[PDB]
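To start, the structure under review is shown below, and the notes come after it.
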Amino acid sequence: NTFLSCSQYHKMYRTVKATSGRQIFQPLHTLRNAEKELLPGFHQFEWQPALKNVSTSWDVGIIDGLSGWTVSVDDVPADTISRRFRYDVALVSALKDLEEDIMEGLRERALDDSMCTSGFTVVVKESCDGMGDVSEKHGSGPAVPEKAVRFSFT
Amino acid sequence: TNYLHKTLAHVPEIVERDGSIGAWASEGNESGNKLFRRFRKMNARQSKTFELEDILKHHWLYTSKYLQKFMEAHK
Amino acid sequence: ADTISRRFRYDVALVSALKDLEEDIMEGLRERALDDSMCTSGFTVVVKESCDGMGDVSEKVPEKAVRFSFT
Amino acid sequence: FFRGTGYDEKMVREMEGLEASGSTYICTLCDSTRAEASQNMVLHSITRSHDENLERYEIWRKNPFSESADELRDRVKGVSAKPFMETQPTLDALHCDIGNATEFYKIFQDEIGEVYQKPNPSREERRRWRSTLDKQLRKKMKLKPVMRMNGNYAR
DNA sequence: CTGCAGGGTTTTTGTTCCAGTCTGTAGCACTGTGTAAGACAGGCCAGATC
DNA sequence: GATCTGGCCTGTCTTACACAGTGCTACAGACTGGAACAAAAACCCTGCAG
Ligand SMILES: [Ca+2]
Ligand SMILES: [Ca+2]
Ligand SMILES: [Ca+2]
Ligand SMILES: [Ca+2]
Ligand SMILES: [Zn+2]
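Residue numbers (the entry's author numbering), protein chains in the order written: chain A, 492 to 645; chain L, 955 to 1029; chain V, 569 to 628, 635 to 645; chain U, 723 to 877.
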């Protein structure tokens, strides 16, 4: 929430710990291990019936959006760099997040729990735009650091 | 070339006289000058009327022993 | 009148530096076991100045700049 | 007391009133000319100093001996610009390393080929010898080239 | 009554080796692979000359 | 219209300048258990001291 970079974090961490006799923040490695429970590809799930032509695996994370582009030079090149998620897994992440809120909301509405297990419906918004010719540092020559199109949902 | 001439002709004289060379390395200022690089990015004002003033302030602040001592904090 | 620059009064800089090291200088005087009340008028502090530039900075008058420091 | 050390050469010259940087007078300490520093290389007394540099500049300006241009350069040992900032007579520690590094780099680039067998090689041979030098420095030691050599590349 | 050299005490304080197990921190790779001024030697050539 | 020359070109040589800082990760560096140790710290306690 404050762009704070790892080197910084470790520095100020050692600083405050050796400063006043206590462990106020947590060190990196453990913070990150704890983090691994928030990115996509950490929760089990199921799908009934099974998805159509979608890998049954569930534990994957940050994938490459080329989608196995046969790198053979002759054909259209495969230099375009991209990163994305198995959409379904991104969903199950965001939903497992908002779990807390949906449970408290079932508590306000007083609706039963062993009877609200099925009839649910989530509405999904999406959007996609691109940023022009982004500026960056140490790029006097082109490293295609200009265009980016960020496809997203909420 | 120059430095070659210095080191093959003039090292012993100064090393004899002024205690130590390399002790007076210019290395510090140039090497550290990348701080002037980063400070301009992060903590700028920004307007060159002030850009210097606040950069210099942050720099000298980062430079005194006192805060470095408090940064060590019992090793 | 076309230059942007900032600086100190050199002397004020030096006195800041020395009054800053006050702790370490007193600690060292204690370490050398010398008297601390008398023999307090004859210290000699040697301090090196230095100056080098910084070229072609993407400015937000040319791009380069010169920095002047001491230690 | 003040010790003025931390300057690269160019600055020292331009602020001691010399002729930067590769002209006849080279030693910021000894009055030796360029070429004579090749046959002899060791015994060279340190002379360059601030007060006498002011004196030599005054001798240049007045020219009390009414000499011609180049004898005037010589008798003053070529001190034309009036120095303004004091200097302590010594050299940086880093750029000695840097110049030595680039000189050894070039001497390797040259000893790859044959220069005492071929006295005046051409430019393309220099590019190729550099290329095979980079191949040798990369295959072993796992070292990549740069535009200009910082301290770490030198070390 | 005084001065010290050296008994005892119990107390640190360290002392030994082999399994960890956490850690910070010093490795990894990773862009780019060309510039700027100024001095000097030699060829040489515009150009006045007699 | 040759002649010689000041000066201008070009090629080469020397000193300068950006290349951090950012995530991953492995390693060595730190922590412990019984045995047993020696080495000093400080009171108490005694002698050999006048
Ligand atoms: Ca748009
Ligand atoms: Ca837009
Ligand atoms: Ca420098
Ligand atoms: Ca530099
Ligand atoms: Zn010399």
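The beta carbon of each residue, even a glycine, is placed where N, CA and C say it ideally should be.
Mapping the DSSP letters down to three states, classify residue i as helix, strand or coil.
i                     : result
residue 619 (chain V) : strand
residue 808 (chain U) : coil
residue 618 (chain A) : strand
residue 642 (chain A) : strand
residue 643 (chain V) : strand
residue 830 (chain U) : helix
residue 572 (chain A) : coil
residue 554 (chain A) : strand
residue 756 (chain U) : coil
residue 724 (chain U) : strand
residue 537 (chain A) : coil
residue 585 (chain A) : helix
residue 851 (chain U) : helix
residue 593 (chain V) : helix
residue 978 (chain L) : coil
residue 871 (chain U) : coil
residue 985 (chain L) : helix
residue 520 (chain A) : helix
residue 596 (chain A) : helix
Between residue i and the rest of its own chain, which residues show a CB-CB distance below 6 Å, the 5 nearest in sequence each way excluded?
i                     : result
residue 550 (chain A) : 532
residue 990 (chain L) : none
residue 998 (chain L) : 1005
residue 846 (chain U) : none
residue 798 (chain U) : 778, 781 and 782
CB-CB under 7 Å to residue i, same chain, minus the five flanking residues each way: which ones, in chain order?
i                     : result
residue 618 (chain A) : 643
residue 807 (chain U) : 737
residue 756 (chain U) : 746 and 748
residue 838 (chain U) : none
residue 753 (chain U) : 769 and 799
Ignore the nearest five residues each way along the sequence and tell me which others in residue i's own chain have a CB closer than 8 Å to its CB.
i                      : result
residue 969 (chain L)  : 975
residue 1016 (chain L) : 989
residue 645 (chain V)  : 615, 616 and 618
residue 871 (chain U)  : 820, 823, 824 and 827
residue 607 (chain A)  : 597
key: Cβ contact (3+ pairs, closer than 8 Å) linking the stretch 973-982 of chain L and the stretch 806-821 of chain U   = Contact holds: three or more Cβ-Cβ distances are below 8 Å.
ask   = Of all residues in the structure, which have a C-beta closer than 7 Å to any heavy atom of ligand 1, taken in chain order?
value = A:620 and A:621
query = Three or more C-beta pairs closer than 8 Å, one from the stretch 775-784 of chain U and one from the stretch 603-617 of chain V: is that the case here?
reply = no
query = Taking any Cβ of chain L, which residues in the stretch 812-831 of chain U have a Cβ under 7 Å from it, in chain order?
reply = 812, 813, 814, 815, 816, 817, 818, 821, 822 and 825
query = Which residues, taken in chain order from the stretch 576-589 of chain V, show a beta carbon closer than 9 Å to some beta carbon of chain U?
reply = Within the stretch 576-589 of chain V, no residue qualifies.
query = Are the stretch 555-569 of chain A and the stretch 501-510 of chain A touching by the rule of at least three beta carbon pairs closer than 8 Å?
reply = no
task = Any chance you could list the residues with Cβ under 6 Å from a heavy atom of ligand 3, keeping chain order?
result = L:984, V:620 and U:730
Near-chain V residues of the stretch 960-981 of chain L - C-beta to any C-beta below 8 Å = Per Cβ criterion, the list reads 978 and 980.
ask   = What residues in the stretch 727-761 of chain U bring their beta carbon closer than 9 Å to a beta carbon of chain L?
value = 727, 728, 729, 730, 731, 743, 744, 748, 749, 750, 751, 752, 754 and 759
request  = Could you run through the stretch 612-625 of chain V and flag, in chain order, every residue whose CB is less than 9 Å away from some CB of chain U?
outcome  = 612, 613, 614, 615, 616, 617, 618, 619, 620 and 621
task = Identify each residue in the stretch 763-781 of chain U for which the Cβ-Cβ distance to at least one residue of chain L is less than 7 Å, and report them in chain order.
result = 763, 764, 766 and 768
message = Any residue with its Cβ nearer than 6 Å to a heavy atom of ligand 5 should be included. What is that list in chain order?
response = L:959, L:963, L:964, U:749, U:751, U:752, U:754 and U:766
Meets three-Cβ-pair contact criterion under 8 Å: the stretch 956-966 of chain L and the stretch 742-758 of chain U = yes
task = Pull out every residue of the stretch 845-863 of chain U whose Cβ sits closer than 9 Å to any Cβ of chain V, in chain order.
result = Under the 9 Å Cβ criterion, the stretch 845-863 of chain U contributes no residue.
ask   = Okay, do the stretch 525-544 of chain A and the stretch 493-501 of chain A touch, 3+ Cβ pairs below 8 Å being the bar?
value = Because the criterion of three Cβ pairs below 8 Å is not met, the stretch 525-544 of chain A and the stretch 493-501 of chain A do not touch.
task = Tell me, please, whether the stretch 757-765 of chain U touches the stretch 840-860 of chain U by the rule of three or more beta-carbon pairs shorter than 8 Å.
result = no
query = Would you say the stretch 795-809 of chain U touches the stretch 723-731 of chain U, given that touching needs at least three Cβ pairs under 8 Å?
reply = yes
request  = Examine the Cβ distances between the stretch 517-537 of chain A and the stretch 576-591 of chain A and report whether three or more of them are shorter than 8 Å.
outcome  = yes
message = Does the structure place the stretch 585-603 of chain V close enough to the stretch 1018-1027 of chain L that three or more beta carbon pairs sit under 8 Å?
response = yes
Short-range partners of chain A found in the stretch 977-1010 of chain L, where Cβ spacing is below 7 Å = none
inquiry  = Counting only Cβ-Cβ distances shorter than 7 Å, please list the residues of the stretch 502-524 of chain A near chain L, keeping chain order.
reply    = The stretch 502-524 of chain A vs chain L, Cβ under 7 Å: 506, 509 and 510.
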